[PDB]
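# Examining the three-dimensional arrangement
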Amino acid sequence: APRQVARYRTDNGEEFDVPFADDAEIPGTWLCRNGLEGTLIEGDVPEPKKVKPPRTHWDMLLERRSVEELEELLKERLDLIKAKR
Amino acid sequence: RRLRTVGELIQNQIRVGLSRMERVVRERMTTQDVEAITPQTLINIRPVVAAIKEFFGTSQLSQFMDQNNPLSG
Amino acid sequence: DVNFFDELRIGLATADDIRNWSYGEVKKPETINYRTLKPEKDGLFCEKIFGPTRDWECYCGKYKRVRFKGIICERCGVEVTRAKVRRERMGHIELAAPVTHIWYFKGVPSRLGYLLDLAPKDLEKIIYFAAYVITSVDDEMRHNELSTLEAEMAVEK
Amino acid sequence: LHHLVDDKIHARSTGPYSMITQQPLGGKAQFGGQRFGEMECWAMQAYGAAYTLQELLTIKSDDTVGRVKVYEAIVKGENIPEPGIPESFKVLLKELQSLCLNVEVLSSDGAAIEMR
Amino acid sequence: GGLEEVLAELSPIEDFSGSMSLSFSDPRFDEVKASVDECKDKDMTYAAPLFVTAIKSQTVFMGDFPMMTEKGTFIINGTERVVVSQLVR
Amino acid sequence: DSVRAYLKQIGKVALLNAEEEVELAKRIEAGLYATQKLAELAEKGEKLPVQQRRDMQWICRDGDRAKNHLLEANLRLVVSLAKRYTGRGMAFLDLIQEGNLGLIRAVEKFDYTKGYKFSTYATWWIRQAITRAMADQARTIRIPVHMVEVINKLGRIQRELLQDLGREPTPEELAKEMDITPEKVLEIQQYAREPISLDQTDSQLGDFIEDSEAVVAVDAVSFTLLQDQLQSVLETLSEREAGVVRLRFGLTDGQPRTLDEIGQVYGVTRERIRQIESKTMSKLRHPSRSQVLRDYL
Amino acid sequence: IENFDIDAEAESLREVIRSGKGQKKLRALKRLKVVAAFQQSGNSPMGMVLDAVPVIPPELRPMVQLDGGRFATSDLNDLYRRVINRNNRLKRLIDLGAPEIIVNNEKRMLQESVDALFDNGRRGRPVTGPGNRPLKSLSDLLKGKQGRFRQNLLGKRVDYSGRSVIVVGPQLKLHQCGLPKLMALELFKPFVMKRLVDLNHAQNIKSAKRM
Amino acid sequence: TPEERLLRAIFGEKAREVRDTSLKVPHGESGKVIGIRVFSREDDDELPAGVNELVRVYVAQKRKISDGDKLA
DNA sequence: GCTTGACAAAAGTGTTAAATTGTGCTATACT
DNA sequence: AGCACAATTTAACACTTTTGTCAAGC
Ligand SMILES: CC(=O)O[C@H]1[C@H](C)[C@H](O)[C@H](C)[C@@H](O)[C@@H]([C@H](C)OC(=O)C(C)(C)CC(=O)O)CC/C=C(/C)C(=O)Nc2cc(O)c3c4c(c(C)c(O)c3c2O)O[C@](C)(O/C=C/[C@H](O[C@H]2C[C@@H]3OCO[C@@H]3[C@@H](C)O2)[C@H]1C)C4=O
Ligand SMILES: [Zn+2]
């Protein structure tokens, strides 16, 4: 049995060959020698991703100021630059 | 001829353990408000007990006794 | 392993030569789990890159006998082979910013210093971020605008 | 005096070997190996004995596959095989590669060979 | 005493902001925990625990203080040790 | 010296009063909302006055200047907190950089409406960022921060009882005081152990480490003699009998096979293989057949 | 180095005119050895700045459990850990949009970790571990520096060897030496085992070993 | 190993785990056993963390004077 | 020499309930 | 320091498939 070959492609364009699992399944993504995630060319995507949004600076501001308090501050600034003119 | 005798060179190592212990009693007494402070709670004796524990174990002067005959020891 | 070779030659190892040697990039400053005492993935000692700890056995254990050799594990990513490869395989670390090789900077004589004509005391202030160095300058724009800039400079002065 | 024959006599045919360096290891409870220094290597070269020096430094000390096949040949009574590459030298090449020095052992042809 | 001389020269430790009475005096000893045969057999150290007896006045413990035997030796972790004398200028 | 260069450069930035801290805090929050507003309107299909939209994009530029200016002013506060944690297993610079990471979050979460001085709220994040870093980095074998808490907590309980009793507490008393099992604290004390250097000192330590995995030279010869010996003992078996014992123990391909697998190649029931095995095993146990295999053990 | 002409910088260094009777010409001559060295071969001078750092195999920087339950490890693991820790934090700073003071400070710390990894202590104080002992870098490993220097004058330990105390052998011939029976027994152990198996004293080689 | 399991199954021995780890006498020494001190886990004694049992064996040797010994 | 169905043990597999691990956070002022 | 919470790993118990086994029959 022991022969099965699959190729993965990284984001920078390099190609990698991983022989494995003649009798079993094949992953869709693989951590390669390049240190980057690979993607199989044949045998489609079949894996989803959770893709949680990284908590940003906007998330920490919006959870203290309400959108009305920000709008009033933005008017205080915009009216201030109008005074410069 | 200084001739550091055992007890006198023992005392010198206790100085470092006590002095480095007093450096902590200066700093850690300030952060906490008063009347919650006593020489007991703030003093961590680790540097004192570590110095004497670090002396016999690591000092070149503290030697494994040599006795294959009474004269050697 | 012919025991007879004619020449032995060296040379500067480029970043590509380093990427070619490595079997993978070690991404974490981890050595081994504190409970299982086994190599942590993506860190140092990682079997997925350096090699398997036990002969002809992967990390998860779905391939144990010698029947499977020259293959990798789909679940853990460990190539099944002799454990001696842990001694023969290297990794690499991709740098977020370039770095100088200390042998060609602090050497006596300084190889970079004699190559770019930078005094060793001046070169130490560059790579250690103690001074700025001009990389490029635009000659045409400076020569064409030199007139107006001298005027504005003397006016401010 | 405390120096006694029972404590100072040592003999070793085969025994354990160190982990990092594959050389034998003396100073444990059993079967300490004797050290062959460069001064002894200088005397061995002065005599012009090339094989004796090669046997000590490759198959008696550092050959991973050497010292096992010699013990095998000696037991069967066959000729002793030709030594291999000492592990000390293979470790030397990796130490150079980790220093960002690209070393390559080139034969007369087949440009570069990899130890493995 | 040696410990008293060391404790007296440091006593009191005065904080710069406000005064603190940390003066130490009259250190206390306890009878040696175990005999030299017990310490050498059980691999422990021959020591007598010492606690300083001195602005709150709460007596504090310090740690196991090793002791010298009649032969002039110390048992440290079950091993009989001798502290050589040093000669400096 | 490296650390001297960092202190000289940060000492240039002038410290700020209370009024400068609030103004910069406003410009940052104005810059953030302006940046988010411009991005949300294209999603919702809206347009704004050309001149005023331009002004918002200048609020974005100016917001970042306030952000960097606020960080550079308090870079002295990070060092002042990082001086106390030196010598505990992390380099000073690493404590400063990990402190700067906490400072960055202090600026992102600061609230100027509360009227508190900035150094009050910044010390929390800067001090926690250093400690949290030590739990993740200092040890060669990393330990989760939650275990670093109980390790440090048990050390405090141990240090408090050492003073309380006059003797070092036993596992039972240390556990009773900490409300855990007595054998649990033993496992904790194993985790808190830190490694020793193989390169420390006449000869280095690593030179005395045995290689336990490498098998002895005599056995590699005896195993081959045992292999050749079993080869001859398989000749007296039937052709299929040899094949069954081989496949059963995986002598040929290295992996044992189940009775079902074995029968599949020969085309018989898995029970039939169990029957053939019993006969070959008893036939192998015959004295004439197994006489030689006794010495090999 | 990217925009740099070796040949054009060599022709400028080829001039022996411009009087240069003193050190002015020898400076150009001494440095020309490093400038002409790159021109002759096909090596790129870019090799002096690393974009990637190679990692030595683990078996050469092992971490194994010592006697009595203690742990032991090489210094390279901590020196490699020093590099990968700061390289990663630099990635966090870049993605955070941090000021240049913090970013450039981290780049300098990253530069010093690789310096300590290759040759520790060559510049500035070396990285010290427990007890204030300088960590052993790759250069210390290659030179064979244990305390100060052991430049392979220890050679390597060999099998089939032994030693003992010597006594006078006045009855010996010049070509003879008195050998203790036990020392000669263990020394020739593989040989006697063979001849012992050649005869019927021991059935197999495993039995002759115990004999 | 596969070759070892066969002999194990033939003669009835089993792959009872195990790796033999015994305190043998060092090569080149002999004598009589004078005393043994054993520290077990059942009894409450003091020992390092995790180590259940500790036993120390004392062996004595009556050394005759022999050629090669150093006198002075 | 071979298969059947029973029965069991053992080996897996999917669905849950602890636990383990990681990240965020703490507001007198503190440079 | 300590706690809250989310995310991930672990161990559970479970119900099903696989594997070894006995007795009876072809
Ligand atoms: C394990 C140990 O403790 O060894 C001890 C010491 C040797 C033992 O007491 C030993 C039992 C010894 O008493 C007997 C022994 C039979 O003698 C011999 O070994 C020979 C073979 C040479 C004599 C012979 O047969 O000819 C007989 C000795 C009789 C004589 C005239 C003698 O030797 N004098 C002598 C010899 C020394 O070299 C040193 C020495 C030293 C200091 C501060 C000394 O005063 C020394 C000293 O007076 O500094 C150095 C660099 O290093 C220090 C290393 C050690 O000290 C430890 C102390 C701590 O213990 C654990 O952590 C520390 C460790 C790191 O260092 C030394 C002080 C060092 O070389
Ligand atoms: Zn696996």
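Counting starts from 1 on each chain and goes along its sequence as written, which need not follow the entry numbering; residues with no coordinates are hidden. Lettering of chains starts at A and numbering of ligands starts at 1, both following the order in which they are written. Note that these chains sit within a larger assembly, yet all values were taken from the shown part only. Just so you know, side-chain values use all the structure's heavy atoms and leave hydrogens and water out. Residues with missing side-chain atoms are left out of burial classes, side-chain pairs and their counts.

Per the PDB record, the structure was determined using X-ray crystallography to 3.45 Å resolution.

Going by what the PDB entry lists, chain G is known as DNA-directed RNA polymerase subunit beta' and is assigned to Mycobacterium smegmatis.

The name the PDB entry gives chain C is DNA-directed RNA polymerase subunit beta', with Mycobacterium smegmatis as the organism.

### Examining the overall build of chain G
Heads up, the condition is: Each helix corresponds to a stretch of at least 4 residues labelled H or I by DSSP, and each strand to a stretch of at least 2 residues labelled E; elements are numbered beginning at the N terminus. We take the radius of gyration over the C-alpha atoms and set the globule estimate at 2.2 Å times the residue count to the 0.38 power. Residue contacts are defined here by distance: any two heavy atoms, one from each residue, within 4.5 Å place the two residues in contact.
When helices and strands are counted, chain G shows eight helices and five strands. From first element to last, N terminus to C terminus, chain G shows the α and β order α-α-β-β-β-α-α-α-β-β-α-α-α. For 211 residues, the compact-globule formula gives about 17 Å, and the C-alpha radius of gyration of chain G, at 30 Å, lies well above that figure. Sequence separation of at least 24 residues holds for 36% of the intrachain contacts in chain G that already meet a minimum separation of 6.

### What to know about the environment of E74(C)
Here is the rule we go by: Identification of polar contacts relies on pairs of N or O atoms within 3.5 Å, with a donor-acceptor requirement for protein atoms, meaning one able to donate a hydrogen and the other able to accept it, and with residues adjacent in sequence counted only if both atoms are side-chain atoms.
Mapped onto the secondary structure, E74(C) falls in the loop between α1 (15-21) and β2 (91-100). Residues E74(C) and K62(C), spaced 12 residues apart in sequence, show a C-alpha to C-alpha distance of 9.2 Å. If sequence neighbours within four positions are ignored, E74(C) has contacts with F20(A), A21(A), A24(A), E25(A), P27(A), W30(A), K62(C) and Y63(C). In terms of polar contacts, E74(C) uses its side chain to reach the side chain of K62(C), at 3.0 Å. Among the polar contacts made by the side chain of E74(C), one reaches the side chain of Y63(C) at a distance of 2.8 Å.

### Considering empty space enclosed by the protein
Filter applied, for reference: A cavity here means a set of 1 Å grid points, computed over protein atoms only, where a 1.4 Å probe fits but cannot escape. A pocket is an open set with protein on both sides within 12 Å along at least 5 of 7 lines, and lining residues have an atom within 4 Å of a point. Grid points are joined across faces, edges and corners, and a volume is the space filled by probe spheres set on the points. Ten residues, namely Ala, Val, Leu, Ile, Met, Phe, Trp, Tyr, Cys and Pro, are considered nonpolar, four, namely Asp, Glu, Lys and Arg, are considered charged, and the remaining ones, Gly among them, are considered polar.
Estimated volume of the second largest cavity: approximately 60 Å³. Looking at the second largest cavity, the residues that line it are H57(A), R64(A), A25(F), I28(F), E29(F), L70(F), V107(F), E108(F), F110(F) and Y112(F). Those elements that place two or more of their residues in the lining of the second largest cavity are α2 (18-44) and α5 (92-109) of chain F. Top element by residues in the lining of the second largest cavity is α2(F). It accounts for three residues. Across the lining of the second largest cavity, the residue classes tally to six nonpolar, one polar and three charged.

### Details of the coordination of the zinc ion (ligand 2)
Ideal geometry at a metal centre gives angles of 109.5 degrees when four donors are arranged tetrahedrally and 90 or 180 degrees when six donors are arranged octahedrally. The criterion, for reference: With water omitted from the atoms examined, metal sites may look incomplete; donors here are N, O and S atoms no farther than 2.8 Å from the metal, or 3.2 Å in the case of Na, K and Ca. Key to geometry: four donors with every angle between 85 and 135 degrees are tetrahedral; four donors are square planar and six octahedral where opposite donors lie over 155 degrees apart and all remaining angles lie between 65 and 115; all other sites are irregular.
Within the protein, the atoms that donate to the zinc ion (ligand 2) are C58(C) (SG), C60(C) (SG), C73(C) (SG) and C76(C) (SG), at distances of 2.3 Å. Viewed at the metal, the four donor atoms of the zinc ion (ligand 2) are separated by angles of 89 to 140°, and the geometry they form is irregular.

### Quick notes on the packing of aromatic side chains
Counted only if it meets this: By convention, a stacked pair of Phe, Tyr or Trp rings (six-membered ring in the case of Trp) has centres within 6.5 Å and planes under 30 degrees apart, an edge-to-face pair has planes over 60 apart, and any other such pair is tilted. Summary of the burial criterion: residues with accessible area below 20% of their type's maximum are buried, those above 50% are exposed, and those between are partly exposed, where the area comes from a 1.4 Å probe applied to protein chains only. Working rule: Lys NZ or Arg CZ, within 6 Å of ring centre, within 35 degrees of ring normal, means a charge sits over the ring.
Evaluated as defined, the whole model comprises 11 aromatic pairs over all chains. Here the aromatic rings of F20(A) and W30(A) are separated by 5.7 Å at their centres, their planes lie at 70°, and the arrangement is edge-to-face. Taken together, the residues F20(A) in the loop between β2 (15-19) and β3 (29-31) and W30(A) in strand β3 connect sequence positions 10 residues apart. Owing to a relative accessible area of 11%, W30(A) belongs among the buried residues under this scheme. Three or more aromatic residues joined by ring pairs make a cluster, and in this case those are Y8(A), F20(A) and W30(A). Between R67(D) and the ring centre of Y17(D), over which it is positioned, the NZ or CZ distance is 3.9 Å. Taking the ring centre of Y128(C) as reference, the NZ or CZ of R123(G) above it sits at 3.6 Å.

### Quick notes on the protein's contact with DNA strand J
All names here are of chain F. Applicable threshold: Residues are counted as near a molecule or strand when any one of their heavy atoms sits within 4 Å of it.
Every residue lining DNA strand J is accounted for by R132, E149, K153, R156, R248, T258, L259, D260, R270, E271 and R274. Looking at DNA strand J alone, sugar and phosphate atoms form 57% of those within 4 Å of the protein. At 3.2 Å, a side-chain N or O of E149 approaches a base nitrogen of DNA strand J. Between a base nitrogen of DNA strand J and a side-chain N or O atom of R270, the distance comes to 2.4 Å. When its residues are assigned to classes, the surface near DNA strand J shows one nonpolar, one polar and nine charged.

### A few points about the pairing of β2(C)
Side chains on a regular strand alternate between the two faces of the sheet. Our working definition: At least two bridges found by DSSP between two strands is the condition for calling them paired.
With eight of 10 residues buried, β2(C) is to be regarded as a mostly interior element. Bridge count for β2(C) against strand β1 (residues 49-55) of chain G is six bridges, and the pairing is antiparallel. Paired with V99(C) across the bridge in β1(G) is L50(G).

### Quick notes on the protein's contact with DNA strand I
Around DNA strand I, a shell composed of 35 residues is seen, among which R55(A), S119(F), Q128(F), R132(F) and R142(F) lie nearest. Backbone atoms, meaning sugar and phosphate, form 52% of the atoms of DNA strand I found within 4 Å of the protein. The separation between a phosphate oxygen of DNA strand I and a polar main-chain atom of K117(F) is 2.9 Å. Elements with a contribution of two residues or more to the surface near DNA strand I: α4 (75-82), α5, α6 (118-137), α7 (145-165) and α13 (270-284) of chain F.

### A few points about the interface of chain C and chain G
Across the contact, 50 residues belong to chain C and 50 residues belong to chain G. Where the side of chain C that touches chain G is concerned, the elements lending two or more residues are α1, β2, α2 (102-105), α3 (111-116) and α4 (120-127) of chain C. In terms of residue count, the dominant contributor to the side of chain C that touches chain G is β2(C) (10 residues). When grouped by side-chain class, the residues that make up the side of chain C that touches chain G number 29 nonpolar, eight polar and 13 charged.

### A few points about a positive patch on the surface
What counts is decided by this rule: Candidate patch residues must exceed 30% relative accessible area and have no salt bridge, after which like charges are joined if within 9 Å and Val, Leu, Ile, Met, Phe, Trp or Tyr side chains if within 5 Å. Calculation of accessible area relied on Shrake-Rupley with a 1.4 Å probe; when residues are assessed, cover is drawn exclusively from the protein chains displayed. Take a side-chain nitrogen of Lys or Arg and a carboxyl oxygen of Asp or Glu: if they are within 4 Å of each other, that pair is a salt bridge. Counted as positive: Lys and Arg. Counted as negative: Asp and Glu. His and the chain ends are not counted at all. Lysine's charge is taken at NZ, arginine's at CZ, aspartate's at CG and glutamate's at CD.
A grouping of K8(D), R35(D), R150(G), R157(G), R163(G) and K70(H) is seen on the molecular surface, where their side chains present a positively charged patch. With respect to the helices and strands, the residue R35(D) is situated in strand β2 (residues 34-36). The exposure class assigned to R35(D) is partly exposed, which follows from its relative accessible area of 38%.

### Remarks on the interface of chain D and chain C
Much of the literature gives interface size as the accessible area that the parts lose upon coming together. Residue-level contacts link 26 residues of chain D with 22 residues of chain C. Listing elements by their share of the side of chain D that touches chain C, those giving two or more residues are α5 (87-98) and β3 (104-106) of chain D. Ranked by residues supplied to the side of chain D that touches chain C, first place goes to α5(D) with seven residues. A breakdown of the residues in the side of chain D that touches chain C according to their chemical character gives 14 nonpolar, six polar and six charged. Where strand β1 (residues 7-9) of chain C meets β3(D), three bridges bridge the pair, whose relative direction is antiparallel.

### Let's talk about the site of ligand 1
Around ligand 1, the surrounding shell consists of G57(B), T58(B), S59(B), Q60(B), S62(B), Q63(B), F64(B), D66(B) and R81(E). Per-site note: the chains with residues close to ligand 1 are chains B and E. Contact between ligand 1 and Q63(B): an oxygen atom at 2.9 Å from a side-chain N or O atom of the residue. Between ligand 1 and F64(B) there is a distance of 2.9 Å, counted from an oxygen atom to a backbone nitrogen or oxygen. Taken by itself ligand 1 offers 1100 Å² of open surface, and the protein chains cover 33% of this. Listing elements by their share of the shell around ligand 1, those giving two or more residues are α3 (46-58) and β1 (62-64) of chain B.

### Quick notes on the environment of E94(C)
Its location among the elements puts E94(C) in strand β2. Residue classification places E94(C) among the buried positions, given a relative accessible area of 17%. Setting aside residues no more than four positions away along its own chain, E94(C) makes contact with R19(C), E25(C), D51(G), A52(G), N87(G) and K91(G). Looking at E94(C), its side chain comes within polar contact range of the side chain of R19(C), at 2.4 Å.

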